[PDB]
file final.csv (CSV, C-alpha atoms)
chain,number,residue,atom,x,y,z
A,12,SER,CA,-9.8,0.6,-17.6
A,13,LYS,CA,-8.0,-2.7,-17.1
A,14,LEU,CA,-5.2,-1.5,-14.8
A,15,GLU,CA,-7.7,0.7,-12.9
A,16,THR,CA,-10.0,-2.3,-12.3
A,17,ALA,CA,-7.0,-4.5,-11.4
A,18,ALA,CA,-5.8,-2.1,-8.8
A,19,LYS,CA,-9.4,-1.7,-7.4
A,20,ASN,CA,-10.0,-5.4,-7.0
A,21,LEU,CA,-6.6,-5.9,-5.4
A,22,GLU,CA,-7.1,-3.0,-3.1
A,23,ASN,CA,-10.4,-4.4,-1.8
A,24,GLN,CA,-8.9,-7.8,-1.7
A,25,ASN,CA,-6.0,-6.4,0.4
A,26,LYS,CA,-8.5,-4.7,2.8
A,27,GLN,CA,-10.6,-7.9,3.3
A,28,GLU,CA,-7.4,-9.7,4.2
A,29,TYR,CA,-6.3,-7.0,6.7
A,30,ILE,CA,-9.7,-7.2,8.5
A,31,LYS,CA,-9.8,-11.0,8.5
A,32,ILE,CA,-6.2,-11.4,9.7
A,33,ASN,CA,-6.7,-8.9,12.5
A,34,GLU,CA,-9.9,-10.8,13.6
A,35,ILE,CA,-8.2,-14.1,13.9
A,36,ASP,CA,-5.2,-12.5,15.6
A,37,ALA,CA,-7.4,-10.5,18.1
A,38,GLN,CA,-8.1,-13.9,19.8
A,39,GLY,CA,-4.6,-14.3,21.2
A,40,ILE,CA,-3.2,-16.8,18.6
A,41,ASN,CA,0.4,-15.4,18.3
A,42,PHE,CA,1.2,-17.1,15.1
A,43,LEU,CA,4.8,-15.9,14.8
A,44,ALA,CA,5.5,-15.3,18.5
A,45,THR,CA,8.6,-17.6,18.4
A,46,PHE,CA,10.0,-15.6,15.5
A,47,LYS,CA,9.2,-12.3,17.3
A,48,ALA,CA,11.2,-13.5,20.3
A,49,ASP,CA,14.2,-14.0,18.0
A,50,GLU,CA,17.0,-11.4,18.5
A,51,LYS,CA,19.1,-12.5,15.5
A,52,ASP,CA,16.5,-11.3,13.0
A,53,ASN,CA,13.9,-8.7,13.6
A,54,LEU,CA,10.4,-9.4,12.3
A,55,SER,CA,8.9,-6.0,11.9
A,56,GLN,CA,5.2,-5.6,12.1
A,57,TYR,CA,5.0,-5.2,8.3
A,58,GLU,CA,7.1,-8.3,7.6
A,59,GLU,CA,4.7,-10.1,9.9
A,60,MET,CA,1.6,-8.9,8.2
A,61,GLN,CA,2.8,-9.8,4.7
A,62,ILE,CA,3.7,-13.3,5.9
A,63,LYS,CA,0.2,-13.7,7.4
A,64,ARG,CA,-1.6,-12.4,4.2
A,65,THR,CA,-0.2,-15.3,2.3
A,66,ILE,CA,-0.5,-17.9,5.0
A,67,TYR,CA,-3.9,-17.1,6.4
A,68,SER,CA,-5.4,-16.6,3.0
A,69,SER,CA,-3.8,-19.9,2.0
A,70,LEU,CA,-5.3,-21.7,5.0
A,71,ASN,CA,-8.6,-20.0,4.6
A,72,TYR,CA,-8.4,-18.3,7.9
A,73,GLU,CA,-9.0,-21.6,9.8
A,74,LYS,CA,-7.4,-21.1,13.2
A,75,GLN,CA,-6.9,-24.8,13.5
A,76,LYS,CA,-4.8,-25.1,10.4
A,77,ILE,CA,-2.8,-22.0,11.3
A,78,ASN,CA,-2.1,-23.5,14.7
A,79,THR,CA,-0.8,-26.7,13.1
A,80,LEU,CA,1.5,-24.7,10.8
A,81,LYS,CA,2.6,-22.9,13.9
A,82,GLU,CA,3.6,-26.2,15.5
A,83,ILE,CA,5.4,-27.3,12.4
A,84,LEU,CA,7.5,-24.1,12.3
A,85,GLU,CA,8.1,-24.1,16.0
A,86,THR,CA,9.3,-27.7,16.0
A,87,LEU,CA,11.8,-26.9,13.2
A,88,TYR,CA,12.8,-23.7,15.0
A,89,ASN,CA,13.4,-25.4,18.3
A,90,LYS,CA,15.8,-27.8,16.6
A,91,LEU,CA,19.0,-25.8,16.0
A,92,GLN,CA,20.0,-28.1,13.1
A,93,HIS,CA,16.8,-27.2,11.3
A,94,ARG,CA,16.0,-23.7,12.6
A,95,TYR,CA,17.1,-22.2,9.2
A,96,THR,CA,14.5,-24.2,7.3
A,97,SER,CA,11.7,-22.5,9.3
A,98,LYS,CA,13.2,-19.1,8.7
A,99,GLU,CA,13.7,-19.8,5.0
A,100,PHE,CA,10.1,-21.0,4.6
A,101,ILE,CA,9.0,-17.7,6.3
A,102,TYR,CA,11.4,-15.1,5.0
A,103,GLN,CA,12.4,-16.7,1.6
A,104,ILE,CA,9.3,-18.4,0.3
A,105,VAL,CA,6.2,-17.1,2.0
A,106,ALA,CA,7.4,-13.5,2.1
A,107,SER,CA,8.5,-13.5,-1.6
A,108,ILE,CA,5.2,-14.9,-2.8
A,109,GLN,CA,3.6,-12.0,-1.1
A,110,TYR,CA,6.1,-9.3,-2.2
A,111,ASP,CA,5.7,-10.2,-5.8
A,112,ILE,CA,2.0,-9.5,-5.6
A,113,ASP,CA,2.6,-6.3,-3.8
A,114,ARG,CA,5.4,-5.2,-6.1
A,115,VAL,CA,3.1,-5.3,-9.1
A,116,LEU,CA,0.4,-3.4,-7.5
A,117,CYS,CA,3.0,-0.8,-6.5
A,118,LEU,CA,3.8,-0.6,-10.2
A,119,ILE,CA,0.4,-0.7,-11.6
A,120,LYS,CA,-0.4,2.2,-9.4
A,121,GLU,CA,2.5,4.1,-11.0
A,122,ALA,CA,1.1,3.6,-14.4
A,123,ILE,CA,-2.3,4.7,-13.4
A,124,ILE,CA,-1.0,7.9,-11.7
A,125,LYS,CA,2.3,9.1,-13.2
A,126,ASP,CA,1.9,7.9,-16.7
A,127,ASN,CA,-0.1,9.1,-19.7
A,128,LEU,CA,-2.3,6.8,-21.7
A,129,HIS,CA,0.3,5.9,-24.3
A,130,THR,CA,2.9,4.6,-21.9
A,131,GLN,CA,0.1,3.2,-19.8
A,132,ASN,CA,-0.9,1.1,-22.8
A,133,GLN,CA,2.6,-0.1,-23.4
A,134,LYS,CA,3.2,-1.3,-19.8
A,135,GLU,CA,-0.3,-2.6,-19.6
A,136,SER,CA,0.0,-6.2,-20.9
A,137,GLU,CA,3.1,-7.0,-19.0
A,138,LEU,CA,1.9,-5.7,-15.6
A,139,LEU,CA,-1.3,-7.7,-16.1
A,140,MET,CA,0.5,-10.8,-17.0
A,141,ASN,CA,2.8,-10.4,-14.0
A,142,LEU,CA,-0.1,-9.8,-11.7
A,143,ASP,CA,-1.8,-12.9,-12.9
A,144,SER,CA,1.4,-14.9,-12.5
A,145,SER,CA,2.0,-13.7,-9.0
A,146,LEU,CA,-1.6,-14.5,-7.8
A,147,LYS,CA,-1.4,-18.0,-9.4
A,148,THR,CA,1.9,-18.6,-7.6
A,149,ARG,CA,0.3,-17.9,-4.3
A,150,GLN,CA,-2.6,-20.2,-5.2
A,151,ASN,CA,-0.1,-23.0,-6.0
A,152,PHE,CA,1.6,-22.4,-2.7
A,153,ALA,CA,-1.7,-22.5,-0.9
A,154,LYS,CA,-2.7,-25.8,-2.6
A,155,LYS,CA,0.7,-27.1,-1.5
A,156,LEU,CA,0.3,-25.7,2.0
A,157,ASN,CA,-3.1,-27.5,2.6
A,158,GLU,CA,-1.6,-30.8,1.4
A,159,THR,CA,1.2,-30.2,4.0
A,160,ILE,CA,-1.2,-29.6,6.9
A,161,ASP,CA,-3.1,-32.8,6.0
A,162,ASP,CA,0.1,-34.7,5.6
A,163,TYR,CA,1.2,-33.5,9.0
A,164,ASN,CA,-2.0,-34.6,10.7
A,165,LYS,CA,-1.7,-38.0,9.1
A,166,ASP,CA,2.0,-38.2,10.1
A,167,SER,CA,2.7,-39.2,6.5
A,168,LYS,CA,6.4,-40.1,6.2
A,169,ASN,CA,6.7,-39.7,10.0
A,170,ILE,CA,6.6,-35.9,9.5
A,171,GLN,CA,4.9,-35.3,12.9
A,172,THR,CA,7.0,-37.9,14.7
A,173,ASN,CA,10.3,-37.1,13.2
A,174,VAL,CA,11.7,-33.6,13.0
A,175,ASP,CA,14.4,-34.7,10.6
A,176,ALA,CA,11.8,-36.2,8.4
A,177,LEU,CA,9.8,-33.0,8.8
A,178,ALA,CA,12.8,-31.0,7.7
A,179,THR,CA,13.3,-33.0,4.6
A,180,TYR,CA,9.7,-32.7,3.6
A,181,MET,CA,9.6,-28.9,4.0
A,182,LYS,CA,12.9,-28.7,2.1
A,183,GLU,CA,11.6,-30.9,-0.9
A,184,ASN,CA,8.2,-29.1,-1.1
A,185,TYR,CA,9.2,-25.6,-0.7
A,186,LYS,CA,12.5,-25.6,-2.6
A,187,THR,CA,12.1,-22.4,-4.4
A,188,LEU,CA,9.6,-19.6,-5.1
A,189,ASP,CA,9.9,-20.4,-8.9
A,190,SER,CA,8.6,-23.9,-8.4
A,191,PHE,CA,5.1,-22.5,-7.4
A,192,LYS,CA,5.0,-20.3,-10.6
A,193,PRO,CA,2.7,-21.3,-13.4
A,194,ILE,CA,4.4,-23.2,-16.2
B,11,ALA,CA,14.5,-2.7,14.5
B,12,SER,CA,16.2,-1.2,11.6
B,13,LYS,CA,15.7,2.4,10.6
B,14,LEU,CA,13.8,1.3,7.5
B,15,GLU,CA,11.7,-1.1,9.6
B,16,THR,CA,10.8,1.8,11.9
B,17,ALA,CA,10.2,4.1,8.9
B,18,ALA,CA,7.8,1.7,7.3
B,19,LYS,CA,6.0,1.2,10.7
B,20,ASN,CA,5.5,4.9,11.3
B,21,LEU,CA,4.3,5.4,7.7
B,22,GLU,CA,2.0,2.5,7.8
B,23,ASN,CA,0.3,3.8,11.1
B,24,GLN,CA,0.1,7.2,9.7
B,25,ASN,CA,-1.5,5.8,6.5
B,26,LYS,CA,-4.1,3.9,8.5
B,27,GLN,CA,-5.2,6.8,10.6
B,28,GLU,CA,-5.6,8.9,7.5
B,29,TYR,CA,-7.9,6.3,5.9
B,30,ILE,CA,-10.2,6.2,8.9
B,31,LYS,CA,-10.3,10.0,9.3
B,32,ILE,CA,-10.9,10.6,5.6
B,33,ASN,CA,-13.8,8.1,5.6
B,34,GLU,CA,-15.3,9.7,8.7
B,35,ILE,CA,-15.3,13.1,7.1
B,36,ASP,CA,-16.6,11.7,3.8
B,37,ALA,CA,-19.3,9.7,5.6
B,38,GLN,CA,-21.1,13.0,6.2
B,39,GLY,CA,-22.0,13.5,2.5
B,40,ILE,CA,-19.4,16.1,1.6
B,41,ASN,CA,-18.6,15.0,-1.9
B,42,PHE,CA,-15.3,16.6,-2.2
B,43,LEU,CA,-14.4,15.6,-5.7
B,44,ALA,CA,-17.9,15.0,-7.1
B,45,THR,CA,-17.4,17.4,-10.0
B,46,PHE,CA,-14.2,15.6,-11.0
B,47,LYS,CA,-16.0,12.3,-10.7
B,48,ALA,CA,-18.7,13.4,-13.1
B,49,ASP,CA,-16.0,14.2,-15.7
B,50,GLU,CA,-16.0,11.8,-18.7
B,51,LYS,CA,-12.7,13.1,-20.2
B,52,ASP,CA,-10.6,12.0,-17.2
B,53,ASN,CA,-11.1,9.3,-14.7
B,54,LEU,CA,-10.7,9.4,-11.0
B,55,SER,CA,-10.7,5.9,-9.7
B,56,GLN,CA,-11.5,5.5,-6.1
B,57,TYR,CA,-7.8,4.9,-5.3
B,58,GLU,CA,-6.7,8.0,-7.1
B,59,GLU,CA,-9.4,9.8,-5.2
B,60,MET,CA,-8.3,8.5,-1.9
B,61,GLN,CA,-4.7,9.4,-2.6
B,62,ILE,CA,-5.7,13.0,-3.5
B,63,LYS,CA,-7.7,13.2,-0.2
B,64,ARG,CA,-4.8,11.9,1.9
B,65,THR,CA,-2.7,14.9,0.9
B,66,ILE,CA,-5.5,17.5,1.0
B,67,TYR,CA,-7.3,16.4,4.1
B,68,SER,CA,-4.2,15.8,6.1
B,69,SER,CA,-3.0,19.2,4.9
B,70,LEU,CA,-6.2,21.0,6.0
B,71,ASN,CA,-6.2,19.0,9.3
B,72,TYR,CA,-9.4,17.2,8.5
B,73,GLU,CA,-11.4,20.5,9.0
B,74,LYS,CA,-14.6,20.1,7.0
B,75,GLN,CA,-15.0,23.9,6.6
B,76,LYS,CA,-11.5,24.2,5.0
B,77,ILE,CA,-12.2,21.3,2.7
B,78,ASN,CA,-15.5,22.7,1.6
B,79,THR,CA,-13.8,26.1,0.8
B,80,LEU,CA,-11.2,24.2,-1.3
B,81,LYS,CA,-14.0,22.4,-3.0
B,82,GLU,CA,-15.6,25.8,-4.0
B,83,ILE,CA,-12.2,27.0,-5.3
B,84,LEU,CA,-11.8,24.0,-7.5
B,85,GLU,CA,-15.4,23.9,-8.7
B,86,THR,CA,-15.3,27.6,-9.6
B,87,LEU,CA,-12.2,27.0,-11.7
B,88,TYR,CA,-13.7,23.8,-13.2
B,89,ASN,CA,-16.9,25.5,-14.2
B,90,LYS,CA,-15.0,28.1,-16.2
B,91,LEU,CA,-13.8,26.5,-19.4
B,92,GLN,CA,-10.9,28.8,-19.7
B,93,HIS,CA,-9.5,27.7,-16.3
B,94,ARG,CA,-10.8,24.2,-16.0
B,95,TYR,CA,-7.3,22.9,-16.7
B,96,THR,CA,-5.8,24.7,-13.6
B,97,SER,CA,-8.2,22.7,-11.3
B,98,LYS,CA,-7.2,19.5,-13.0
B,99,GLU,CA,-3.5,20.3,-12.9
B,100,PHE,CA,-3.7,21.2,-9.2
B,101,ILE,CA,-5.4,17.8,-8.6
B,102,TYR,CA,-3.7,15.4,-10.9
B,103,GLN,CA,-0.3,17.1,-11.3
B,104,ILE,CA,0.4,18.7,-8.0
B,105,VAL,CA,-1.6,17.0,-5.3
B,106,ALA,CA,-1.4,13.5,-6.7
B,107,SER,CA,2.3,13.7,-7.2
B,108,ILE,CA,3.0,15.0,-3.8
B,109,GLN,CA,1.1,11.9,-2.6
B,110,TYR,CA,2.7,9.6,-5.1
B,111,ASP,CA,6.3,10.3,-4.2
B,112,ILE,CA,5.5,9.4,-0.6
B,113,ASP,CA,3.7,6.3,-1.7
B,114,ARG,CA,6.5,5.3,-3.9
B,115,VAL,CA,9.2,5.6,-1.2
B,116,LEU,CA,7.2,3.2,1.0
B,117,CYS,CA,6.7,0.6,-1.7
B,118,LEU,CA,10.5,0.8,-2.0
B,119,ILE,CA,11.4,0.8,1.6
B,120,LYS,CA,9.2,-2.3,2.0
B,121,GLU,CA,11.0,-3.8,-0.8
B,122,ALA,CA,14.4,-3.4,0.7
B,123,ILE,CA,13.2,-4.7,4.1
B,124,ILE,CA,12.0,-8.0,2.5
B,125,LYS,CA,13.6,-9.0,-0.8
B,126,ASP,CA,17.1,-7.7,0.0
B,134,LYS,CA,19.9,1.8,-0.3
B,135,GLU,CA,19.2,2.7,3.3
B,136,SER,CA,20.5,6.3,3.5
B,137,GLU,CA,19.0,7.3,0.1
B,138,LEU,CA,15.6,5.8,0.8
B,139,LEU,CA,15.6,7.7,4.2
B,140,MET,CA,16.6,10.9,2.4
B,141,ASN,CA,13.9,10.5,-0.2
B,142,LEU,CA,11.4,9.7,2.5
B,143,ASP,CA,12.2,12.8,4.5
B,144,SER,CA,12.2,14.9,1.3
B,145,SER,CA,8.8,13.6,0.1
B,146,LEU,CA,7.2,14.3,3.6
B,147,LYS,CA,8.7,17.7,3.7
B,148,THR,CA,7.4,18.5,0.2
B,149,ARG,CA,3.9,17.6,1.5
B,150,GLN,CA,4.4,19.8,4.6
B,151,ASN,CA,5.5,22.8,2.4
B,152,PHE,CA,2.4,22.2,0.2
B,153,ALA,CA,0.2,22.0,3.3
B,154,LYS,CA,1.5,25.2,4.7
B,155,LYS,CA,0.9,26.8,1.3
B,156,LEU,CA,-2.6,25.4,1.1
B,157,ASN,CA,-3.6,26.9,4.4
B,158,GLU,CA,-2.3,30.3,3.3
B,159,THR,CA,-4.5,29.9,0.3
B,160,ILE,CA,-7.7,29.1,2.2
B,161,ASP,CA,-7.1,32.1,4.5
B,162,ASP,CA,-6.4,34.3,1.5
B,163,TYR,CA,-9.6,33.0,-0.2
B,164,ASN,CA,-11.8,33.7,2.8
B,165,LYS,CA,-10.4,37.3,3.0
B,166,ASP,CA,-10.9,37.7,-0.8
B,167,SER,CA,-7.2,38.8,-1.0
B,168,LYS,CA,-6.4,40.1,-4.5
B,169,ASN,CA,-10.1,39.5,-5.3
B,170,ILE,CA,-9.6,35.7,-5.4
B,171,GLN,CA,-13.1,35.0,-4.2
B,172,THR,CA,-14.7,37.8,-6.2
B,173,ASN,CA,-12.8,37.1,-9.4
B,174,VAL,CA,-12.3,33.8,-11.0
B,175,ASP,CA,-9.6,35.1,-13.3
B,176,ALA,CA,-7.8,36.5,-10.3
B,177,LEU,CA,-8.4,33.1,-8.7
B,178,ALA,CA,-6.8,31.3,-11.6
B,179,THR,CA,-3.7,33.5,-11.6
B,180,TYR,CA,-3.2,33.0,-7.9
B,181,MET,CA,-3.5,29.2,-8.1
B,182,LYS,CA,-1.1,29.3,-11.1
B,183,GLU,CA,1.5,31.4,-9.3
B,184,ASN,CA,1.4,29.5,-5.9
B,185,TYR,CA,1.2,25.9,-7.3
B,186,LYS,CA,3.4,26.1,-10.3
B,187,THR,CA,5.1,22.7,-10.1
B,188,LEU,CA,5.8,19.9,-7.6
B,189,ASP,CA,9.5,20.9,-7.5
B,190,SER,CA,8.7,24.2,-6.0
B,191,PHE,CA,7.5,22.5,-2.8
B,192,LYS,CA,10.6,20.4,-2.4
B,193,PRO,CA,13.2,21.3,0.2
B,194,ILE,CA,16.7,22.4,-0.6
call {"tool": "encode", "arguments": {"input": "final.csv", "output": "structure tokens"}}
result
Amino acid sequence: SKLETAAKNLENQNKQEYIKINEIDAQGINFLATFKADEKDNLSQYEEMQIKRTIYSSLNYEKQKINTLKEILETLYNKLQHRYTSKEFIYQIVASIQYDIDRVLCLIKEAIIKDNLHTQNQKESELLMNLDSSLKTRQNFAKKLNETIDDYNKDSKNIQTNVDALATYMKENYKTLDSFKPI
Amino acid sequence: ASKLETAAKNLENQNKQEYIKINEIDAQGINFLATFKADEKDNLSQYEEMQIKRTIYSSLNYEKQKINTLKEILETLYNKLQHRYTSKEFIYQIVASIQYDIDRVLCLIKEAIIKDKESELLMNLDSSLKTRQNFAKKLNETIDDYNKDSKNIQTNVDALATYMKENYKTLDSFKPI
């Protein structure tokens, strides 16, 4: 059944991410160390994983790219004026992209288990559509995130040289979760 | 660290350890739900199957012997048309729900951590773990009863059926007060 296959493929997809992420991280790259050291907000180990699922998958598990993004975020964080923009990128955009995907699987699982075939069939189309939309969103974010890594390395619009420039760029390309949704 | 954050962490770690242990046990060819897998009427997906095993295997402490005796119990009941449904209800209605409640709370705790409750989610979380602990207690009492043939439950499938019916009536019976 469609919902049963959907859960299965997501389940395996999840597992593969968990292994890959932990690989990369086993090598001492502390991607979110700076956010971990922050006393104002507490990045739990779950929050952290979710964030990485989206980011790492988005950057194809290329340590180099992840490190660049790390520098971007740590530059912004180390400038009090723009700290918030790093946090918003992390907690408001990246994390939401992930949660949506997770929310739907949490709810597709509910239809598989708790609900009988009739209900199951009612809910079916909408959950599938949402699932799709939430994966596509993450793809569009990823596309955008690679364009940003490249832009950074080329110092396009002085984004490597100028934190203020950098801040504006991150603001204008990551305005809202909804902007990454399919049209 | 917020209470919810620590609640999710401890659940997450607990989940992971269960996955590994379950897979270990299963790697040795014990096909705990084979008979249900072979069933065309209903479908056990490999997720559903894992969830069922989480509650059962953790309840029986990952003791292969105990899991094998439970397997007999369930396959006996399944192979008798009259009582098949009792084996299915035990699996899909009781065990799976006990698991689902737990799983549900975490999916919701996580949700509150990120996108946004506290005291109610913590209550529910406690309740749903307790429920599983009461079920586990009951399940061990059943396996011991079965091995002793108490009330002829190993000797008599009908007797067996009535015992399963009277000790696993509903999910709600395992909840705390």
call {"tool": "closest_residue", "arguments": {"input": "final.csv", "among": "B:122, B:14, B:37, B:181", "to": "residue B:97", "atoms": "only C-alpha atoms"}}
result
B:181
call {"tool": "interface_residues", "arguments": {"input": "final.csv", "of": "chain A", "to": "chain B", "cutoff": "8 Å", "atoms": "all atoms listed in the file", "output": "compact mmCIF listing (two decimals) with C-alpha atoms, in the frame of the given file"}}
result
# COMPACT_ATOMS: atom_id res chain seq x y z
CA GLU A 15 -7.70 0.70 -12.90
CA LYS A 19 -9.40 -1.70 -7.40
CA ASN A 53 13.90 -8.70 13.60
CA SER A 55 8.90 -6.00 11.90
CA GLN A 56 5.20 -5.60 12.10
CA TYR A 57 5.00 -5.20 8.30
CA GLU A 58 7.10 -8.30 7.60
CA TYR A 102 11.40 -15.10 5.00
CA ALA A 106 7.40 -13.50 2.10
CA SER A 107 8.50 -13.50 -1.60
CA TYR A 110 6.10 -9.30 -2.20
CA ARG A 114 5.40 -5.20 -6.10
CA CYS A 117 3.00 -0.80 -6.50
CA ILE A 124 -1.00 7.90 -11.70
CA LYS A 125 2.30 9.10 -13.20
call {"tool": "closest_residue", "arguments": {"input": "final.csv", "among": "B:71, B:45, B:89, B:171", "to": "residue B:32", "atoms": "only C-alpha atoms"}}
result
B:71
call {"tool": "atom_distance", "arguments": {"input": "final.csv", "atom1": "atom CA of residue B:13", "atom2": "atom CA of residue A:49"}}
result
18.1 Å
call {"tool": "residues_near_point", "arguments": {"input": "final.csv", "point": "(-11.2, 23.5, -14.9)", "cutoff": "12 Å", "atoms": "all atoms listed in the file", "output": "ChimeraX atom specification"}}
result
/B:45-46,49,51-52,82-102,174-175,177-178,181
call {"tool": "atom_distance", "arguments": {"input": "final.csv", "atom1": "atom CA of residue A:165", "atom2": "atom CA of residue A:71"}}
result
19.8 Å
call {"tool": "atom_distance", "arguments": {"input": "final.csv", "atom1": "atom CA of residue A:48", "atom2": "atom CA of residue A:27"}}
result
28.2 Å
call {"tool": "decode", "arguments": {"input": "final.csv", "residues": "stretch 117-140 of chain B", "atoms": "N, CA, C and O atoms", "output": "compact mmCIF listing (two decimals), in the first residue's frame"}}
result
# COMPACT_ATOMS: atom_id res chain seq x y z
N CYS B 117 7.08 12.00 18.94
CA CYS B 117 6.70 12.77 17.77
C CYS B 117 6.10 14.13 18.18
O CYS B 117 6.22 15.06 17.48
N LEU B 118 5.51 14.23 19.35
CA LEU B 118 4.88 15.42 19.85
C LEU B 118 5.69 16.24 20.75
O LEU B 118 5.52 17.40 20.85
N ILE B 119 6.52 15.58 21.49
CA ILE B 119 7.50 16.23 22.30
C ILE B 119 8.48 16.89 21.37
O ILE B 119 8.83 18.01 21.56
N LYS B 120 8.91 16.19 20.35
CA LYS B 120 9.86 16.72 19.42
C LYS B 120 9.30 17.97 18.81
O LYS B 120 9.97 18.96 18.63
N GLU B 121 8.03 17.92 18.49
CA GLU B 121 7.33 18.99 17.87
C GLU B 121 7.27 20.22 18.68
O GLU B 121 7.26 21.27 18.16
N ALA B 122 7.20 20.08 19.98
CA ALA B 122 7.14 21.20 20.86
C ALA B 122 8.51 21.79 21.05
O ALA B 122 8.65 22.97 21.14
N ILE B 123 9.52 20.97 21.13
CA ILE B 123 10.91 21.40 21.19
C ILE B 123 11.18 22.37 20.03
O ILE B 123 11.68 23.47 20.26
N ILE B 124 10.86 21.96 18.80
CA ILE B 124 11.34 22.68 17.61
C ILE B 124 10.42 23.79 17.18
O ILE B 124 10.81 24.95 17.16
N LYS B 125 9.22 23.42 16.74
CA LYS B 125 8.31 24.38 16.07
C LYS B 125 7.74 25.45 17.01
O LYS B 125 7.38 26.55 16.53
N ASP B 126 7.70 25.17 18.31
CA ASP B 126 7.06 26.09 19.25
C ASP B 126 8.06 26.95 20.04
O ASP B 126 9.12 26.47 20.44
N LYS B 134 1.66 23.01 27.11
CA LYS B 134 2.08 21.73 26.56
C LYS B 134 2.96 20.89 27.48
O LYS B 134 2.80 19.71 27.52
N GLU B 135 3.93 21.48 28.16
CA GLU B 135 4.98 20.71 28.78
C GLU B 135 4.46 19.66 29.73
O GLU B 135 4.71 18.47 29.57
N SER B 136 3.74 20.11 30.74
CA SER B 136 3.32 19.26 31.80
C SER B 136 2.44 18.09 31.28
O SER B 136 2.63 16.94 31.68
N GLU B 137 1.56 18.36 30.32
CA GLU B 137 0.68 17.34 29.75
C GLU B 137 1.42 16.27 28.91
O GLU B 137 1.14 15.06 29.00
N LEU B 138 2.38 16.72 28.10
CA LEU B 138 3.23 15.81 27.33
C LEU B 138 4.09 14.92 28.24
O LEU B 138 4.27 13.73 27.98
N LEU B 139 4.55 15.49 29.36
CA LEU B 139 5.32 14.72 30.34
C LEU B 139 4.45 13.73 31.08
O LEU B 139 4.90 12.59 31.33
N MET B 140 3.21 14.13 31.39
CA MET B 140 2.24 13.24 32.00
C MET B 140 2.01 12.05 31.05
O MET B 140 2.10 10.89 31.44
